[PDB]
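See below for the structure under consideration.
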Amino acid sequence: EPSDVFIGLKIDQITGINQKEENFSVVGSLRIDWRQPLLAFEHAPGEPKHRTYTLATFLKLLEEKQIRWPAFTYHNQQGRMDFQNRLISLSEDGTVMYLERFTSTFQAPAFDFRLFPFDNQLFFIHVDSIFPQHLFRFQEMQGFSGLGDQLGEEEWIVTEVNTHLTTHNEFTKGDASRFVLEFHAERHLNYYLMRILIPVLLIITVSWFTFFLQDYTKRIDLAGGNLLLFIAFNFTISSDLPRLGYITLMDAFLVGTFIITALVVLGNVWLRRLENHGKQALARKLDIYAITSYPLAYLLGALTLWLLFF
Amino acid sequence: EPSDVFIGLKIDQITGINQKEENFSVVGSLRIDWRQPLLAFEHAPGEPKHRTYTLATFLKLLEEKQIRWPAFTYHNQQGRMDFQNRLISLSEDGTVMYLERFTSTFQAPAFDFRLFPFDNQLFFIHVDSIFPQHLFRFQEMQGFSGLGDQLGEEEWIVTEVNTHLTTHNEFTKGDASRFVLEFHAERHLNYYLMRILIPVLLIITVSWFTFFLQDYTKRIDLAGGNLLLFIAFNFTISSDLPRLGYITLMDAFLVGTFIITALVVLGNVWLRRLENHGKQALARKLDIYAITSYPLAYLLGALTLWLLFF
Amino acid sequence: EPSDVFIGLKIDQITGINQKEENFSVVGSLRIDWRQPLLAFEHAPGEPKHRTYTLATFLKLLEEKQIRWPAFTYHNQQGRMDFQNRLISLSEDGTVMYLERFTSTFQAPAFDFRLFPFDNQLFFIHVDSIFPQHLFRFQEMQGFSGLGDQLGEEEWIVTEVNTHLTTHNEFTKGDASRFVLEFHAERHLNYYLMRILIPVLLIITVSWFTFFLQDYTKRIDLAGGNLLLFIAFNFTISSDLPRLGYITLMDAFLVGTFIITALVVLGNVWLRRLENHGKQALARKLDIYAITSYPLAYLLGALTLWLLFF
Amino acid sequence: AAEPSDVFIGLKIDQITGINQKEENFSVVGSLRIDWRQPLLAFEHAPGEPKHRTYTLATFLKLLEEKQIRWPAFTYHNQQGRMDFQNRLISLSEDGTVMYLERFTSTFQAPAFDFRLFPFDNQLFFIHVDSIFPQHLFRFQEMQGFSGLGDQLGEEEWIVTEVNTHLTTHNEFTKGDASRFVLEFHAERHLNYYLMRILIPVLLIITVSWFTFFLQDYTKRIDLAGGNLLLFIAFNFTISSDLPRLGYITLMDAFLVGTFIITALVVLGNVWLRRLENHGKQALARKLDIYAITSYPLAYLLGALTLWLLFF
Amino acid sequence: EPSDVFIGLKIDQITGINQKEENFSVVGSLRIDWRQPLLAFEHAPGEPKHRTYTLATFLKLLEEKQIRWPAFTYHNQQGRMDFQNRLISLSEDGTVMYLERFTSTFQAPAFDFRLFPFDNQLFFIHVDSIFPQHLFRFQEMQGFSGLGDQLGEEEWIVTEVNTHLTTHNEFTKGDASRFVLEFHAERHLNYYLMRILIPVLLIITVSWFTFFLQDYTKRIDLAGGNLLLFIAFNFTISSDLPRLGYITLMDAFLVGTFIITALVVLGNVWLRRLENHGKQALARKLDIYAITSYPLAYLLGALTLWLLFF
Ligand SMILES: CCCCCCCCCO[C@@H]1O[C@H](CO)[C@@H](O)[C@H](O)[C@H]1O
Ligand SMILES: CCCCCCCCCO[C@@H]1O[C@H](CO)[C@@H](O)[C@H](O)[C@H]1O
Ligand SMILES: CCCCCCCCCO[C@@H]1O[C@H](CO)[C@@H](O)[C@H](O)[C@H]1O
Ligand SMILES: CCCCCCCCCO[C@@H]1O[C@H](CO)[C@@H](O)[C@H](O)[C@H]1O
Ligand SMILES: CCCCCCCCCO[C@@H]1O[C@H](CO)[C@@H](O)[C@H](O)[C@H]1O
Ligand SMILES: NCCc1ccc(Br)cc1
Ligand SMILES: NCCc1ccc(Br)cc1
Ligand SMILES: NCCc1ccc(Br)cc1
Ligand SMILES: NCCc1ccc(Br)cc1
Ligand SMILES: NCCc1ccc(Br)cc1
């Protein structure tokens, strides 16, 4: 007959989410309730009903009594887990109450940058029983598992928190318990506005003003610089993210400005060429297209992407 | 009956405050006084009245005597806590004197960048009893808790230090002790002056000089460069801070220069356009307005923000 | 007679591959099966058939019974190995079942940047027996060793995973077991396209447009800038990689643009020189060569490398 | 026992891994040596057993706990973060003289930093070793012939002027006066880097700029000095990062603003010369111009003595 | 009588050489052979001749038997040493065989950047006996100490490996053993060529082309830019190295281009000045000197340094 293990997990802090390395880091507390009849003991009346053990001696106790503990791993843990507290409280009955406080990093392979920066992502911690269900089944320790109030994370904000149970088959042939803490969060886009969109629009608009000079050479020299600017903005954003083998929304928007700004150069080159072959008057007539093409192309291009991605 | 636990905490050093990751790091000493009658002992004459234990053996002693120790966590601790000393002194009377020296990082989610760089911030360490008040109540260990003299931090300087007790309900249903060390500090604005304001004003002023040349094309080319400069200064500052979903004061000041410098372009474009359509004399008349718009706009804009934020 | 040790190793995560420091990092689980007759035990009915030990006490047990354990090292391990679980299960038969979960970095000196970024690389973990084959032989633990599904790595993608055994002679004169987990992976070229090729082609193309202006001075000033741009792109890429004593494909492609763009300068200098010595008409004739030389040389140069490297 | 026992503290820095002026700390590999005679620890030895017993710190402390003997607990007051230990080894003599060796790499807070004269300055580095227990229980004495700095420190920027050791009290955990052993050293910066990477360039920019005054294009001088400004604004960011977010003004801090003020005026001035040209007074400008050509060099060297007097 | 301790040390990997912090990091295995008669033991026939101990219990054994172990430090170790294996094999005869596998950083104060980047450097690990020679003398464990095959290091390549004994006087008055593993290595100049020399020569050469335009203003504007470029290249290289109080070869080469490029500016200023005072014809005569000065100056200057440094 297999004994129930009551798995509770609360994330107190999100220390940060490194989206480039596709992981996040949390301060968190794991809580386990587990009745083991064999661990139960007798007290004299007036001697305490509850024994408080360091994890160190509590396991050395279990080893001595040849009792199996419900050994568990965090499947998506990365690197070290700095433990704060690992503390056991045992009762007359042989109910074990375990607390594990830790800061640690976790894999989140559920990262989809397709709609970056307008994206919503799945973050989750997996807690697996090493031992199969035929020995230990995990049950939800109700009234504990979730996320806290002061997470300290300013970019992401969390949509929903859910806890669910399931199997794995990592070390066993047999089905084995896995407690899961999931959360979805999505980005506060202020940064992306204030530092990327606003500037790129400011560059584009203030550039368009200088079309009313009707120096075609100046427009060419301007758009040529704009190109390098965007090629930089392309490097800014490229670093935020991993070396993805797919094309971001952001990725597309940049190549947008590329294509346009490439043509702005080519077009004004041709207008300027007419001026150079005694057809200045034509250019100046023709020119009106070029002045109104500029802004339409960027706003035709705005709907082009917005439909392709939404 | 619940036994009193006397919690003292002194921050010797502030190793630094990482405002981007919304945490700070301190060298600090935790001091606990706790009378446990059961631990009291008799000595032979010539054998010491105070027994000095490593935390390691002191707990192994408590486990052996089935005595519960007032287990505590630092709630806002991040990552590892490098311990220097963990030393126990047990008096005849059964008074435990504990010392914990450590360097460690702590969450400070009390970060409000609304008035950055003119801001005052709350930094605090929480020390929680894991066990409820029905078992242990924390009392302020007088004559210890506070901040030192040589903190070593050059940017922030501390306004006020306060200590107080209160409850939590982290692992218990029952109310539980929490000792709090708060401090407020505010930024030394010298850096922000010397590296950000002075330059931006220098750029703006030295730019305005070149208005007295009365080349409109040159002013357009100048203000266009100024734009990119500010777009950079925008990236400098953006990195100091997190990816906030709210707009800094600083954030606004930058977009200020943006809006203005955008118009300086638009305006001089129009003056230059008049020159290009045989209305050079008009431009040169209007020009006088344009020369005295530059300085007013930046100083109209100075009061615009200084009213909006204060 | 030497006893068989059944070595399984599964990489759950690739935390990343630092190609500059010629190493990779993995979350992984090591599994060892090893029958030791001496460890075998009898149980009372109602006492467990399988005894579960912490590695700590399991070795202290082996030391006490003067039994030699099949000590192993990871030969290509770098720095610390953060252990998650080190857990032993001893059956009545005296079969030891060991599990070691860890995050760790490993050397991969099998790095050939000759065809970077179009390259396929060998990543491997070596597990050596410290003790010779005369004492312990390693055997492939079937049904476990390999790579998982959720590796979390976005740039590389894995072609093939193989396991095989072999000898070493690291500390012994005698032949000694070595279990090897190899994998090959190759790069997703999207990044290299979107951030390096597309820009460099965009710069080159939009530059060629400005040839139809037939300002030779402008072409010289342009190609001179292009040079510095490529000299930067040269620094971008240089950092991705180590300080290799061999020439990358990428390395060559950069020098290509160098040589060409150097020529464009020299050539247009000469065209411009003719203009300056009353031979403007000649230049304008010869110019047609220069206009079509530009694009040919970049695409002659494309086949030059694509033949030299393939 | 027979009053307070003397404890002989020796500390030698074998190397300085580096000095991070931005975090106002330094990191050293060092060996701490303590001599401490305890009558109670003295033991009788059977012939064929060594006269000196060699213990790991862990066993030696577990032994002290067992024998209910209090050891002279000590902390490094200015230690920062983790201290990796190389060796912790105890040798117990028949006489009961305890010999402890602690080898470690560690970072130490140093609030002694004064950037007022940066980069031309000397700074004070110190490690504090505080006894937790008061002076009435234990007094620290200088273990002579050991304390100091080594030969191969490995540090190329700083070079050390003087090493001094002395003892004093603290009152950290006790009401009672308590021992504190101090290892101080002063070092000062090698100016070559600051020359080769900051001064030489800034002078090169300034001088090569002044050459282009002999062109007598006023527009070109304006465009040049405007660029010079941005250059210095960069050099301002280079240096700003070397240092913390100080609330005071460095020497270097001042020197940068110097170039600012000057280069701002060079613009303003040539703007005015150019303005005369634009209002048919080209001849005047060309007269005045001679003042302007000699002003640039004077102002930079008037400005050199301005600071060198204000700061020295 | 003092007992011999057989010290072997093999570097398996060079994880890297941080030339800025004047240290290097290696994966390595320390091997010690040491006969202690007291550690010898008797076995029953059929009970093992060799006892295999964790370092942990092996020392607790030595402490119990009041035997002194040949305590050693790595003198030039920096920071933490991550240990892989610390394993003892005790024979009946009382021969201890010790293995210490570790990744660790080591000081190399033997750094001479005088001829950087054409330099050859000394890297060494010191292993000191804490105890004097009157108690333990170190002897070279032969057939093991040296460097491995797959070091993984791409910039440096190792010239020679030598091992030898010597004294120290670190904690003792008495002479004390020190085993030394030295190696020399020298740099692969490919990086320095491909990223620094080639570009600087490309800039200089492509600049010289624009002399054949015979625009003196353009040459001034060009050389002025070249200056800033080199001032950057000066910052690139400055960071590779520490804040050395001595002048590199590289250091000199840069100041070379400085001095020259400063004069190119001055000289063309003077040519241009002649044009401005009706002496255009003279300038155009003198010009031939200036055109052939530039190339000679850089190649006079190339031999100047190649003499002073070689
Ligand atoms: C740049 C957006 C602002 C537009 C306003 C018109 C003047 C622009 C400022 O100078 C221009 O900046 C480009 C970007 O670097 C350069 O390529 C170009 O040669 C230069 O003339
Ligand atoms: C530059 C701010 C300081 C004001 C000095 C006035 C003289 C002009 C200095 O050079 C300017 O630098 C910008 C920055 O990129 C260029 O874009 C711009 O076209 C260029 O004219
Ligand atoms: C720069 C090395 C390549 C030289 C090719 C000759 C044409 C000039 C190329 O662009 C130039 O870049 C320089 C560096 O900032 C500026 O001084 C210069 O005014 C600018 O036009
Ligand atoms: C730059 C590739 C875009 C080609 C479009 C033609 C118009 C000019 C583009 O700006 C150029 O940018 C360089 C910065 O490195 C400068 O050196 C160069 O003098 C400048 O004119
Ligand atoms: C540049 C300092 C070196 C002095 C050399 C004198 C020749 C002119 C070099 O080009 C200048 O470079 C500045 C970069 O700051 C540009 O902003 C400015 O428009 C331009 O005039
Ligand atoms: N490192 C996991 C140890 C452990 C597991 C379960 C329980 Br209940 C107590 C301790
Ligand atoms: N980890 C518990 C440490 C502790 C020791 C003694 C006292 Br009194 C309070 C706390
Ligand atoms: N430090 C790991 C030693 C070990 C190796 C294999 C087995 Br099976 C048990 C223990
Ligand atoms: N944690 C080190 C404690 C200690 C150090 C030196 C001596 Br002598 C005794 C004790
Ligand atoms: N910490 C290492 C101590 C030691 C030294 C030598 C040998 Br042989 C065994 C142990």
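All residue names refer to the structure tokens as shown: chains lettered A, B, ... in order, residues numbered from 1 in each chain, ligands numbered from 1 in order.
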
Taking only C-alpha atoms and all ligand atoms into account, which residues are within 8 Å of ligand 10, as a list in words?
residues 5, 32, 33, 34, 55, 58, 59, 69, 70, 71, 72, 88, 96, 97 and 98 of chain E

Need to verify the contact set: region 113-130 of chain A, 6 Å, only C-alpha atoms, exclusion of same-chain residues closer than 6 positions in sequence. Can you return it as a count of residues only?
17

Kindly determine which residues of chain D lie within 9 Å of chain B, considering only C-alpha atoms, and give the answer as a ChimeraX atom specification.
/D:1,23-25,61-62,65,68-71,73-83,109-113,172-173,219,222,226,229-230,233,236-237,240,244-249,253,257,260-261,264-265,267-268,271-272,274-275,278

Give me a file of those residues, with C-alpha atoms, as a PDB file, in the first residue's frame.
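Dumped everything to again_25.pdb:
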```pdb
ATOM      1  CA  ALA D   1      42.258  30.085  34.635  1.00  0.00           C
ATOM      2  CA  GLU D  23      33.085  48.350  -5.402  1.00  0.00           C
ATOM      3  CA  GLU D  24      35.598  49.978  -2.966  1.00  0.00           C
ATOM      4  CA  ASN D  25      37.091  46.566  -2.013  1.00  0.00           C
ATOM      5  CA  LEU D  61      37.150  22.196  17.784  1.00  0.00           C
ATOM      6  CA  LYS D  62      35.021  19.044  18.431  1.00  0.00           C
ATOM      7  CA  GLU D  65      33.831  21.271  22.839  1.00  0.00           C
ATOM      8  CA  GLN D  68      34.633  22.277  27.608  1.00  0.00           C
ATOM      9  CA  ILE D  69      37.602  24.635  26.776  1.00  0.00           C
ATOM     10  CA  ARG D  70      36.791  28.062  25.238  1.00  0.00           C
ATOM     11  CA  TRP D  71      38.996  29.019  22.200  1.00  0.00           C
ATOM     12  CA  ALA D  73      37.028  33.088  18.583  1.00  0.00           C
ATOM     13  CA  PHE D  74      38.060  35.796  16.025  1.00  0.00           C
ATOM     14  CA  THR D  75      36.245  37.404  13.010  1.00  0.00           C
ATOM     15  CA  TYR D  76      37.563  39.595  10.116  1.00  0.00           C
ATOM     16  CA  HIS D  77      35.451  42.795  10.607  1.00  0.00           C
ATOM     17  CA  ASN D  78      35.981  44.168   7.038  1.00  0.00           C
ATOM     18  CA  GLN D  79      35.732  40.716   5.271  1.00  0.00           C
ATOM     19  CA  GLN D  80      33.291  40.869   2.300  1.00  0.00           C
ATOM     20  CA  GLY D  81      31.322  37.862   0.954  1.00  0.00           C
ATOM     21  CA  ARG D  82      32.724  34.292   1.064  1.00  0.00           C
ATOM     22  CA  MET D  83      36.289  33.374   2.147  1.00  0.00           C
ATOM     23  CA  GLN D 109      35.721  46.170   2.327  1.00  0.00           C
ATOM     24  CA  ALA D 110      37.989  49.293   2.299  1.00  0.00           C
ATOM     25  CA  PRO D 111      36.086  52.554   2.997  1.00  0.00           C
ATOM     26  CA  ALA D 112      39.500  54.383   3.107  1.00  0.00           C
ATOM     27  CA  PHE D 113      39.164  55.460  -0.594  1.00  0.00           C
ATOM     28  CA  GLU D 172      31.320  45.131  18.605  1.00  0.00           C
ATOM     29  CA  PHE D 173      29.422  42.432  20.625  1.00  0.00           C
ATOM     30  CA  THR D 219      32.860  77.055 -39.861  1.00  0.00           C
ATOM     31  CA  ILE D 222      33.025  75.250 -35.059  1.00  0.00           C
ATOM     32  CA  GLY D 226      31.560  70.551 -31.604  1.00  0.00           C
ATOM     33  CA  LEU D 229      32.897  68.257 -27.146  1.00  0.00           C
ATOM     34  CA  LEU D 230      31.235  64.845 -27.820  1.00  0.00           C
ATOM     35  CA  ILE D 233      31.671  63.792 -23.149  1.00  0.00           C
ATOM     36  CA  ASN D 236      33.801  61.647 -19.328  1.00  0.00           C
ATOM     37  CA  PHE D 237      31.821  58.340 -19.531  1.00  0.00           C
ATOM     38  CA  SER D 240      32.932  57.870 -14.766  1.00  0.00           C
ATOM     39  CA  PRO D 244      31.839  54.774  -8.087  1.00  0.00           C
ATOM     40  CA  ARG D 245      28.848  57.213  -8.223  1.00  0.00           C
ATOM     41  CA  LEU D 246      30.777  59.564  -5.885  1.00  0.00           C
ATOM     42  CA  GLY D 247      28.897  62.530  -4.368  1.00  0.00           C
ATOM     43  CA  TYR D 248      32.133  64.615  -4.652  1.00  0.00           C
ATOM     44  CA  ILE D 249      34.195  66.008  -7.576  1.00  0.00           C
ATOM     45  CA  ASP D 253      36.181  65.076 -12.785  1.00  0.00           C
ATOM     46  CA  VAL D 257      34.732  69.911 -17.225  1.00  0.00           C
ATOM     47  CA  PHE D 260      34.053  71.280 -21.729  1.00  0.00           C
ATOM     48  CA  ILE D 261      34.056  74.996 -20.697  1.00  0.00           C
ATOM     49  CA  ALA D 264      32.156  75.419 -25.450  1.00  0.00           C
ATOM     50  CA  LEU D 265      33.783  78.906 -25.794  1.00  0.00           C
ATOM     51  CA  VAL D 267      32.523  77.257 -30.485  1.00  0.00           C
ATOM     52  CA  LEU D 268      30.880  80.509 -29.207  1.00  0.00           C
ATOM     53  CA  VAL D 271      30.651  81.477 -34.245  1.00  0.00           C
ATOM     54  CA  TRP D 272      31.145  85.253 -33.694  1.00  0.00           C
ATOM     55  CA  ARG D 274      32.193  83.641 -38.689  1.00  0.00           C
ATOM     56  CA  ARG D 275      29.239  86.021 -38.027  1.00  0.00           C
ATOM     57  CA  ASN D 278      28.701  87.024 -42.889  1.00  0.00           C
TER      58      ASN D 278
END
```

Would you return as number ranges by chain the members of region 18-255 of chain B that DSSP assigns to alpha helix (DSSP H) on this structure's backbone?
B: 55-64, 190-191, 198-209, 216-240, 249-255

Check which residues fall inside 10 Å of ligand 9 when counting only C-alpha atoms and all ligand atoms, and print them as a PyMOL selection string.
(chain B and resi 54+84-87) or (chain D and resi 7-9+32-38+57-58+60-61+64+70-75+88-91+97-102+131)

Nearby polymer residues, ligand 5, at most 8 Å, only C-alpha atoms and all ligand atoms, as number ranges by chain
D: 204-206, 208-209, 211-212, 220-221, 223-231; E: 220-225, 227-228, 265

Next, write the just-selected residues to a file, as a tab-separated table (two decimals), in the first residue's frame, keeping C-alpha atoms as the atom set.
```tsv
chain	number	residue	atom	x	y	z
D	204	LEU	CA	46.64	64.86	-29.24
D	205	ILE	CA	42.93	65.76	-30.04
D	206	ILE	CA	43.39	69.33	-28.65
D	208	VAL	CA	45.81	68.44	-33.88
D	209	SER	CA	42.53	70.45	-33.61
D	211	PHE	CA	46.50	73.05	-36.25
D	212	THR	CA	43.23	73.39	-38.26
D	220	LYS	CA	35.42	74.15	-39.83
D	221	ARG	CA	36.68	75.18	-36.33
D	223	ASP	CA	32.31	71.77	-36.57
D	224	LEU	CA	35.64	70.53	-35.09
D	225	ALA	CA	35.17	71.88	-31.51
D	226	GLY	CA	31.56	70.55	-31.60
D	227	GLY	CA	32.99	67.04	-32.23
D	228	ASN	CA	35.77	67.55	-29.62
D	229	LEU	CA	32.90	68.26	-27.15
D	230	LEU	CA	31.23	64.85	-27.82
D	231	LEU	CA	34.70	63.16	-27.67
E	220	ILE	CA	43.04	66.75	-43.09
E	221	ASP	CA	39.43	65.58	-42.41
E	222	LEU	CA	40.52	61.97	-43.19
E	223	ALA	CA	43.65	61.87	-40.94
E	224	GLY	CA	41.58	63.58	-38.19
E	225	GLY	CA	39.15	60.60	-38.32
E	227	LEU	CA	43.28	59.66	-35.26
E	228	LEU	CA	39.97	58.93	-33.44
E	265	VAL	CA	47.12	66.64	-40.37
```

Need the shell around residue 135 (chain C): protein/DNA/RNA residues with any atom at most 10 Å away, counting only C-alpha atoms. Skip same-chain ones fewer than 5 positions apart. Format as a PyMOL selection string?
chain C and resi 1-4+68+70+129+176

Nearby residues (only C-alpha atoms) at most 10 Å from residue 235 (chain E), same-chain spacing under 4 positions excluded, as a PyMOL selection string
(chain D and resi 196-198+238) or (chain E and resi 229-231+239-240)

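The part of chain C that reaches within 6 Å of chain E is made up of residues 68, 79, 80, 109, 243, 244, 245, 262, 266 and 273 of chain C, counting only C-alpha atoms.
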
Okay, now the selection with N, CA, C and O atoms, as a PDB file, in the first residue's frame?
```pdb
ATOM      1  N   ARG C  68      35.765  -2.071  -1.621  1.00  0.00           N
ATOM      2  CA  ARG C  68      36.158  -1.065  -2.634  1.00  0.00           C
ATOM      3  C   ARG C  68      34.946  -0.771  -3.523  1.00  0.00           C
ATOM      4  O   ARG C  68      34.312  -1.745  -4.008  1.00  0.00           O
ATOM      5  N   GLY C  79      35.298  23.044 -13.465  1.00  0.00           N
ATOM      6  CA  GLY C  79      34.813  23.820 -12.310  1.00  0.00           C
ATOM      7  C   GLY C  79      33.977  22.950 -11.401  1.00  0.00           C
ATOM      8  O   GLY C  79      34.269  21.739 -11.327  1.00  0.00           O
ATOM      9  N   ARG C  80      32.963  23.528 -10.752  1.00  0.00           N
ATOM     10  CA  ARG C  80      32.122  22.799  -9.771  1.00  0.00           C
ATOM     11  C   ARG C  80      31.037  22.023 -10.513  1.00  0.00           C
ATOM     12  O   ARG C  80      30.632  22.438 -11.615  1.00  0.00           O
ATOM     13  N   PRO C 109      36.859  20.035 -26.537  1.00  0.00           N
ATOM     14  CA  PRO C 109      37.961  20.511 -27.366  1.00  0.00           C
ATOM     15  C   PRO C 109      37.790  20.087 -28.828  1.00  0.00           C
ATOM     16  O   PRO C 109      38.666  20.378 -29.611  1.00  0.00           O
ATOM     17  N   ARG C 243      40.336  33.294 -29.650  1.00  0.00           N
ATOM     18  CA  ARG C 243      41.473  33.945 -30.358  1.00  0.00           C
ATOM     19  C   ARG C 243      42.198  32.888 -31.193  1.00  0.00           C
ATOM     20  O   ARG C 243      43.451  32.779 -31.120  1.00  0.00           O
ATOM     21  N   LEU C 244      41.419  32.185 -32.014  1.00  0.00           N
ATOM     22  CA  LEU C 244      41.871  31.074 -32.874  1.00  0.00           C
ATOM     23  C   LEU C 244      43.141  31.483 -33.624  1.00  0.00           C
ATOM     24  O   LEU C 244      43.261  32.660 -34.042  1.00  0.00           O
ATOM     25  N   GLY C 245      44.054  30.528 -33.773  1.00  0.00           N
ATOM     26  CA  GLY C 245      45.244  30.657 -34.625  1.00  0.00           C
ATOM     27  C   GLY C 245      44.959  30.205 -36.047  1.00  0.00           C
ATOM     28  O   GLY C 245      45.922  30.148 -36.828  1.00  0.00           O
ATOM     29  N   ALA C 262      38.312  48.244 -50.320  1.00  0.00           N
ATOM     30  CA  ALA C 262      39.608  48.935 -50.513  1.00  0.00           C
ATOM     31  C   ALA C 262      39.784  49.311 -51.986  1.00  0.00           C
ATOM     32  O   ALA C 262      40.264  50.416 -52.255  1.00  0.00           O
ATOM     33  N   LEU C 266      40.197  52.866 -54.156  1.00  0.00           N
ATOM     34  CA  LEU C 266      41.325  53.102 -55.097  1.00  0.00           C
ATOM     35  C   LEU C 266      40.774  53.456 -56.494  1.00  0.00           C
ATOM     36  O   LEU C 266      41.248  54.449 -57.085  1.00  0.00           O
ATOM     37  N   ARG C 273      40.167  61.312 -60.349  1.00  0.00           N
ATOM     38  CA  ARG C 273      41.439  61.951 -60.766  1.00  0.00           C
ATOM     39  C   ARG C 273      41.334  62.375 -62.237  1.00  0.00           C
ATOM     40  O   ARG C 273      41.793  63.496 -62.546  1.00  0.00           O
TER      41      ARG C 273
END
```

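Around region 287-297 of chain B, within 7 Å and counting only C-alpha atoms, the residues found are residues 211, 260, 283 and 301 of chain B, once anything fewer than 4 positions away on its own chain is removed.
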
Export N, CA and C atoms of the chosen residues as a compact mmCIF listing (two decimals), in the first residue's frame?
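File result_8.txt, as written:
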```txt
# COMPACT_ATOMS: atom_id res chain seq x y z
N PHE B 211 23.06 78.89 -33.88
CA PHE B 211 21.87 79.55 -34.46
C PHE B 211 22.28 80.93 -34.99
N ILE B 260 11.10 68.60 -28.30
CA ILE B 260 11.74 69.90 -28.66
C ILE B 260 12.61 69.72 -29.92
N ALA B 283 12.07 84.80 -43.78
CA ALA B 283 12.80 83.83 -42.92
C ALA B 283 13.65 84.63 -41.94
N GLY B 301 9.64 73.79 -20.78
CA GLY B 301 9.65 72.33 -20.58
C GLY B 301 10.21 71.93 -19.23
```

Within 12 Å of residue 121 (chain D), counting only C-alpha atoms, which residues qualify if same-chain residues fewer than 5 places away don't, as a ChimeraX atom specification?
/D:113-116,158-159,161,186-191,250-252,311-312

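Candidate residues D:303, D:55, D:13, D:117 were compared for distance to residue 183 (chain D), and the nearest is D:13, using only C-alpha atoms.
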
For atom 11 (C, counted along the ligand's line) of ligand 1 and CA of residue 267 (chain B), quote the distance in Å rounded to one decimal.
16.8 Å

Could you pull out the strand (DSSP E or B) residues of region 51-86 of chain B, going by DSSP on the backbone, and write them as a PyMOL selection string?
chain B and resi 51-54+72-74+77-86

Considering only C-alpha atoms, return as number ranges by chain whatever protein or nucleic-acid residues lie within 7 Å of residue 146 (chain C), sequence-local ones (same chain, fewer than 6 positions apart) excluded.
C: 9-11, 161

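With distances restricted to only C-alpha atoms and all ligand atoms, D:266 is the closest residue to ligand 2 from D:42, D:149, D:266, D:195.
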